[PDB]
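Below is one structure, written out as structure tokens, with a few remarks after it.
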Amino acid sequence: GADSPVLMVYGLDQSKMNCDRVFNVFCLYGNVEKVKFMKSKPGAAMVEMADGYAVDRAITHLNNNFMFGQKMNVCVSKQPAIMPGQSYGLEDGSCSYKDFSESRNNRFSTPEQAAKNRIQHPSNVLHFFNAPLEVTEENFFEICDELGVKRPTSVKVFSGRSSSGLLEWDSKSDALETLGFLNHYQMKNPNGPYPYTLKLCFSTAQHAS
């Protein structure tokens, strides 16, 4: 397998992707430590994972996937680590470089937590969890409208502190694009001070019905 914890991702959409959105997609395959875009390689980012195994899973499931009409090329970087280097401001004001090592949104921080991740191939159906208890289809439609991403074609809430369920799109492409935008959205919490960090992953369910 991979001899480095660092990935190179080519074919990203420069006008839509930032460090958080790269995290939103790659956190499904391992712990993301660093994300770094380079002004010399437009549409490309280095993604440092916790180890080689995370790099293996990420390339196996995301290489040659389409996002915003572009075919992503996910491959092993020749670099052993991401150095902070000459960072720059992206069009949305965020930094080209971001350290996610202390993120509470990383899902592989212990073997126990890592095992709870169902490593699967991208689909047109997303599994959601950590949504507000009383979440509706319309709340997801409003958030998708606000983010300027495609609304899911169907929303299924599972029977149950938080709610979980399924979000379906017409294609794998729509779900992967929405994943990058919607993963970790701060959903309104009427019963407490902290918003609900909506969490997404791929599902093997054929429909949200």
Side-chain angles (χ1 to χ4, degrees), residues 2 4-40 42-85 87-109 122 126 143-150 172-187 195 197-201:
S4 165
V6 187
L7 287 162
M8 180 64 105
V9 190
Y10 295 100
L12 288 161
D13 182 339
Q14 334 173 26
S15 73
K16 293 192 194 75
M17 293 312 275
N18 59 20
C19 285
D20 292 343
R21 294 181 182 138
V22 167
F23 181 100
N24 285 348
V25 171
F26 280 91
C27 73
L28 267 66
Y29 298 98
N31 260 25
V32 171
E33 306 294 324
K34 303 188 171 87
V35 174
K36 198 209 194 175
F37 294 82
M38 26 236 34
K39 28 196 175 202
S40 71
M46 279 164 80
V47 183
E48 180 181 342
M49 303 305 286
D51 61 3
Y53 294 121
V55 170
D56 291 340
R57 290 188 301 270
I59 297 174
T60 303
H61 300 89
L62 294 168
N63 198 23
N64 294 311
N65 276 247
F66 275 82
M67 209 168 188
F68 306 107
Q70 306 179 25
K71 183 168 91 184
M72 291 194 300
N73 176 26
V74 187
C75 67
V76 182
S77 181
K78 65 178 169 177
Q79 306 311 345
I82 299 178
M83 291 309 144
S87 61
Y88 61 99
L90 301 179
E91 198 166 3
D92 69 359
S94 61
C95 197
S96 60
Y97 169 83
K98 195 162 172 174
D99 188 331
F100 292 106
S101 67
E102 295 175 0
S103 168
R104 305 301 199 273
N105 290 317
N106 265 320
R107 311 171 180 183
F108 298 74
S109 294
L126 299 184
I143 294 166
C144 284
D145 288 5
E146 178 213 298
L147 287 161
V149 295
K150 283 191 211 191
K172 305 189 176 86
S173 182
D174 298 350
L176 177 60
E177 290 159 15
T178 310
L179 172 66
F181 273 73
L182 189 62
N183 213 3
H184 310 109
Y185 185 91
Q186 297 298 99
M187 289 191 72
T197 299
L198 176 74
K199 303 185 156 72
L200 306 173
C201 67

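Because only heavy atoms are used, hydrogens play no part in the values below, and waters and symmetry mates are left out as well, while side chains stay in. We're numbering straight along the sequence, starting at 1.
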Tell me the closest heavy-atom pair linking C27 and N183, and the distance in Å. SG-ND2, 3.5 Å

According to the salt bridge (charged side-chain N to carboxylate O under 4.0 Å, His left out) rule, which pairs have a member within residues 57-71, sequence neighbours left out? none

Between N31 and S109, is the side-chain contact (heavy atoms from CB on, under 4.5 Å) condition met? List the steps. CA-CA 7 Å; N31 260 25; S109 294; 3.3 Å; yes

Non-hydrogen atoms of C19 and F100 that approach each other most closely: O-CZ, 3.4 Å

Nearest heavy-atom pair of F68 and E177: which atoms, and what distance? N-OE2, 2.8 Å

Atom CD of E102: over 12 foreign heavy atoms under 6.0 Å: no

For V35 and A45 the tightest heavy-atom approach is CG1-CB, 4.4 Å

For a side-chain contact (heavy atoms from CB on, under 4.5 Å) check, start with the C-alpha distance between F26 and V74, then their side-chain angles and the critical distance, and finish with the verdict. CA-CA 11 Å; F26 280 91; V74 187; 4.0 Å; yes

Side chains of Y88 and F37: does their closest heavy-atom pair fall under 4.5 Å? yes

How far does OG of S94 sit from CD of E91, to the nearest 0.5 angstrom? 10.5 Å

Are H61 and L28 close enough that some pair of their side-chain heavy atoms sits under 4.5 Å apart? no

Quick one: are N65 and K172 in side-chain contact, heavy atoms under 4.5 Å? no

Testing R104, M187, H184 for side chain to side chain contact (heavy atoms under 4.5 Å, CB included) with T197, which one passes? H184

In Å and rounded to the nearest 0.5 Å, what is the OH to OG1 distance from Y185 to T178? 14.0 Å

Among residues at least two apart in sequence or on other chains, which ones pass salt bridge (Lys or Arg N to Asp or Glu O under 4.0 Å) with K199? none

Do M49 and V32 pass the side-chain contact (heavy atoms from CB on, under 4.5 Å) test, and can you show the C-alpha distance, the side-chain angles, and the key distance before you say yes or no? CA-CA 5 Å; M49 303 305 286; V32 171; 3.8 Å; yes

Give a yes or no on whether the backbone of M8 and the side-chain of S77 come within a donor-acceptor separation of less than 3.5 Å. no

Which residues pass the salt bridge (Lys or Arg N to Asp or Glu O under 4.0 Å) test with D13, not counting sequence neighbours? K16

CG of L176 to CG of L126: how many Å apart, nearest 0.5 Å? 9.0 Å

To the nearest 0.5 Å, tell me how far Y10 OH sits from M72 CE. 14.5 Å

With the side chain counted from C-beta on, respond yes when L182 and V149 share a heavy-atom pair under 4.5 Å apart, and no when they do not. no

Sub-4.5 Å side-chain heavy-atom contact between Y97 and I82: yes

With rounding to the nearest 0.5 Å, note down the distance linking OG in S173 to NZ in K150. 6.5 Å

For residues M46 and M83, determine if any side-chain heavy atom of one lies less than 4.5 Å from a side-chain heavy atom of the other. no

Beyond-backbone contact of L62 with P122, side-chain heavy atoms, under 4.5 angstrom: yes

Which heavy atom of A2 sits nearest a heavy atom of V76, and at what distance? CB-CG2, 4.0 Å

Please give me the minimum heavy-atom distance between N105 and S103, naming the atom from each residue. N-OG, 2.9 Å

Decide yes or no on side-chain contact (heavy atoms from CB on, under 4.5 Å) for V22 and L12, but give the supporting numbers first. CA-CA 9 Å; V22 167; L12 288 161; 4.0 Å; yes

So do the side chains of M67 and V25 get within less than 4.5 Å of each other, counting heavy atoms only? yes

Measure the spacing between CZ of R21 and CG of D92 and express it to the nearest 0.5 Å. 6.0 Å

